[PDB]
Amino acid sequence: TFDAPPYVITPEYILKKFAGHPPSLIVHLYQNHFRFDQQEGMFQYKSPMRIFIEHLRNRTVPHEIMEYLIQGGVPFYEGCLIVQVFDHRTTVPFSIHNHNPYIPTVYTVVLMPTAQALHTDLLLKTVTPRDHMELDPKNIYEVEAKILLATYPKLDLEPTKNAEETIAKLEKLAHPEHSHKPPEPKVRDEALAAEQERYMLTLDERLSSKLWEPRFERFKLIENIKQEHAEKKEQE
Amino acid sequence: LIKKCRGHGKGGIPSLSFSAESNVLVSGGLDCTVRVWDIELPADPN
Amino acid sequence: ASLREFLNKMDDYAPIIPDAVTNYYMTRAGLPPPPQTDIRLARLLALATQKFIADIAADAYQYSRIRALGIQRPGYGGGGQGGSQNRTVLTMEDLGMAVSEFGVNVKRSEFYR
Amino acid sequence: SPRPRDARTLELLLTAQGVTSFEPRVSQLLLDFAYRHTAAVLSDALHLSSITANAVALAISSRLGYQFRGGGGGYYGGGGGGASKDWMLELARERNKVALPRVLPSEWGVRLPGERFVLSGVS
Amino acid sequence: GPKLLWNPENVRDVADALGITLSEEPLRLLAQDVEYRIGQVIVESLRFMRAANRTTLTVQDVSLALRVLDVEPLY
Amino acid sequence: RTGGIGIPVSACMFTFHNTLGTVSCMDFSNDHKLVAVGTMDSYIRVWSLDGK
Amino acid sequence: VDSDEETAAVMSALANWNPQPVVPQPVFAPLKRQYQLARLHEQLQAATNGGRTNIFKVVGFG
Amino acid sequence: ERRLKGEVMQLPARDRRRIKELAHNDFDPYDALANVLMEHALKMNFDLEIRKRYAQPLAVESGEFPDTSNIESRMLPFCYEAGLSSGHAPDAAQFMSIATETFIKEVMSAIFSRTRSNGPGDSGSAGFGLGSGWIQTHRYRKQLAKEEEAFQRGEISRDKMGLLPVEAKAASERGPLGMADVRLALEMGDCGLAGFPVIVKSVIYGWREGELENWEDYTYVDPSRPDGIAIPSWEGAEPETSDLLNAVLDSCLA
């Protein structure tokens, strides 16, 4: 048997119930990029991983990278994630004339589960070898059913006698995550210096195109090749 | 599942209805029959 | 050529389609019959249908006539002894040839085995 | 009376599926549909070419781009239009995020949509 | 492949009408596809029939089934 | 409830004639005053159940 | 040839019919999602070195 | 059940054998889903070249109609996917761009012709020529004929774009194409989008035009009206720092 979550899950309940445990994730934010605590590189805010930041804004679980979370053994607390955020946001370049001798704030937040997360979990289990796979597709629905029984053990089944009682019940059972307003409609001198600069960049292979995310792929490939060759040599 | 009720033929049961106290059920079938069902049988008097 | 004058001249332009057929198919499509709809609008719709059918007849008569080596086109099985006398017979081949220009396919199998 | 084979077969198959009666002109409709489908598919396969099995498969795949988006497919089966389930899930997420409309007891059952969306002045 | 309910001789006749010569593998493939399409049509027709609370199948149900699948109508 | 049998029930049947298999759906109003049938011919027909 | 057995066998075989397709039925979605997910997978594979590095690991208690 | 025996025994033995052999089919493991499921859950390194398809923005992302350069960038990964190791002919990208422009023009023309009327006449150099045109109303036809004759007599002059006063007046009253027109046109036919179900389903499932702006626009049921309708005339815990964190995150997202 397991304890079911409340009807409305709030950061206070999770942060009070799960005190003394390590956080699920730690992220550092910089002026133009962010990283994780044990990461070596960086992620730019204009990169695809921007998606993660959006989840941090909406307090939602990032299902689109769920596999990567399962591989790393990220802990869950009643299906939510505890995230700590560290905030560090708050001459004559390329001139030979230059001289040279050798010439944070802390926040804690909670991300809540969604239905897409459960769909992703079941889909991933369907293709994860352990029967062959961990879950057989023909048994998916049954499994799902059981999970629901453990998430909503109690329902409001008492009937109403008139429309006023239904109105009161709809008022009483409102959920913050489904209480937003409808969205907004879709909407649609230096010239001489710029012209001179453009003229002076004529027939430039790379600089002209611009008028930058380093991933170090080649170096990682070289390191992998060197490791493999060293391992092969050690065998002999 | 609480239980199963059998006796209708094959083809489809398009309509069901409960009584005011929900202790009886009425069903209509495409086999040209109307049937009445007890939702809880009485205790055995021994 | 105004629409008002044409609708006012609808007495002389009534088609050969009976009113019952018009009402039945208008109801099937979703338009209440001429008791509530104007009779002239229903007459106009029936006249358009008659014109369309007459077009599809004039073609397929052209096709039958230009047809008068020498084997039938597969996919138009039909007929019996082939009629009698030098008479023009409306056959599946000519109708299919004509209605292919309107975007309709009427191909069948000749035998079934 | 004479009757072609595959017609008795289609009718027996229909009976085995729980159909207690059918009109006489269903079997020949199905046979002619099969004729048309075969002719179209192999006429397509002829142009992509002796015809091989790869040409037939490619013709079928090409035809599957604009028709036959139905059937009784289940988990990740292309039925009901062929829409992906994740796309539908995100559309539902966008829709179900708005609060339910506020209705007073005096307008429950009598209020309608705006004038732009109702049938006024249509006669 | 599997065992087919549809006879490949029908496909051979159709190819005869158009002057085409077929081998065995494409013939079996085309027969299998024709069988699968017939099954799809039957499924949709039965769906439409049951939506109307009936046990009798009419030409209208088959026509609606062909319309929903984006198939050229028969007349 | 110990012993005995179920409950007696009465039934009233309404039958429709000359439909020729065109009727798809049927419904009764909340007070058993009206009946509506939808057909395969695209139209709906409503009747008062007492002939008024 | 017993007729009752033949009828039973034929009807039982016809009742369990289930044809198999030659090619699978396509599933449709917008192009934008496909491109975005492909890009995200490329970036994450580059970051994790193909799964040899755990960047989500947490050391300590926060 | 005595008629089923006759029906079954009217089939010849070959057909009965063929039907009975269906029982040998090894059911439906439907293992082929796996690939589909995977789709959702000396030598030349062709994968490196193929992975270049996702390094260019889409037309919807950049707001630019595709041209020869973009199509050329797209072609090569497709060729390497299919095993075409010699690439493409030099003249294929221009052909593709012309075809794309033709397709878009056809779609837009089909949509426009079902929702517009009173276009310019064939007096000269402006109009639909020998293509498909729009409908006209009686008053517009009368005025257009009168003005064409007047211009032929030399009493009228066109504007800088070559329109007559009636044509320019009619044109000025038209507006930009909206989603209501698209929805109406899709109810008349495919419009050339039979092979693009996602676009159609996106149009059908969306909000109605003008619906989000007038959220509180209501009418009422009134049986005494002409139509029955009345028109009214831990550190930094979340709850205590969520706003500050939201401000920082909004700055990051920009």
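All of the numbers you see were taken from the coordinates with simple rules; none came from a lab. Backbone-built Cβ (ideal geometry, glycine too); neighbour counts: all protein chains shown.
Here are some notes:
- Of the chymotrypsin sites (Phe, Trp or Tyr not before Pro) found in segment H:139-214, those in coil by DSSP whose Cβ has at most 13 other Cβ atoms within 10 Å are H:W207.
- Of the residues D:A53, F:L49, H:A180, the one whose Cα sits farthest towards the positive end of the charge dipole of the protein assembly as shown is F:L49 (charges of +1 on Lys and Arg Cβ, -1 on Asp and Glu Cβ, taken about the Cα centre).
- For chain H, the Kirkwood hydrodynamic radius comes to 27.6 Å, computed from all pairs of different C-alpha atoms.
- As computed over chain E, the Cα convex hull volume per residue (Å³): 121 Å³
- For segment H:109-254, the Cβ-based charge dipole about the Cα centre amounts to some 1380 debye (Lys, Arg positive; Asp, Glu negative; other atoms uncharged).
- Segment H:1-148: C-alpha pair distances exceeding 22 Å, %: 72 percent
- Overall size of segment A:63-108 from C-alpha positions, given as principal axis extents largest first: 61, 26, 19 Å.
- Taking the charge dipole of chain D about its Cα centre, with +1 at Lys and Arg Cβ atoms and -1 at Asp and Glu Cβ atoms, the residue from D:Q28, D:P2, D:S123 reaching farthest to the positive side is D:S123.
- Annotation for segment H:106-176: GluC sites (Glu not before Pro) lying in DSSP loop with at most 11 further Cβ atoms inside 10 Å of their Cβ are H:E155, H:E173.
- The Cα atoms of segment G:4-62 define a convex hull whose projected area, averaged across directions, is 10.9 nm².
- Theoretical FRET efficiency, 1/(1+(r/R0)^6), r = Cβ-Cβ of H:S85 and C:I56, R0 60 Å, to 0.05: 0.65
- Size check on chain C: the Cα extents along the three principal axes, sorted descending, read 56, 33, 27 Å.
- The alpha carbons of segment A:193-232 occupy a box of 58, 18, 9 Å along the principal axes, longest dimension given first.
- Measuring between their Cα centroids, segment C:31-77 and segment H:113-150 lie 30 Å from each other.
- Normalised by 2.2 N^0.38 Å, with N the number of residues, the alpha-carbon radius of gyration of segment A:1-136 equals 1.43.
- Rounded to the nearest whole angstrom, the semi-axes of the ellipsoid equivalent to chain A, taken from the Cα gyration tensor as √(5λ), stand at 48, 30, 20, largest first.
- When segment A:115-236 is reduced to its Cα atoms, the Kirkwood hydrodynamic radius in Å: 24.0 Å
- By the helix-only formula, in which each DSSP H run with n ≥ 4 contributes -39500 (n - 2.57) and the sum is divided by residues, chain D has a 222 nm mean residue ellipticity of -13500 deg cm²/dmol.
- Across q = 0.07, 0.10 Å⁻¹, the protein assembly as shown modelled as identical point scatterers on its alpha-carbon atoms has Debye log10 I(q)/I(0) values of -0.98, -1.79, in the order of the q list.
- Debye-sum result for chain D in log10 I(q)/I(0), which assumes one identical scatterer on each alpha carbon, at q = 0.22, 0.23 Å⁻¹: -1.27, -1.29
- DSSP bridge orientation in the protein assembly as shown - percent antiparallel, rounded to nearest 5: 75 percent
- Dipole check for the protein assembly as shown: with +1 at the C-beta of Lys and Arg, -1 at the C-beta of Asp and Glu, and the Cα centre as origin, the magnitude is about 1760 Debye.
- Two numbers describe the Cα atoms of segment H:141-213: Rg and Dmax, which are 19.6, 55 Å.
- Since only B:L30, B:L1, B:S19 are under comparison, the one whose Cα sits farthest along the positive direction of the charge dipole of chain B, derived from C-beta charges on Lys, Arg, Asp and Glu, is B:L30.
- Charge dipole magnitude, Cβ of K and R +1, D and E -1 - chain H, Cα centre, debye nearest 20: 1800 debye
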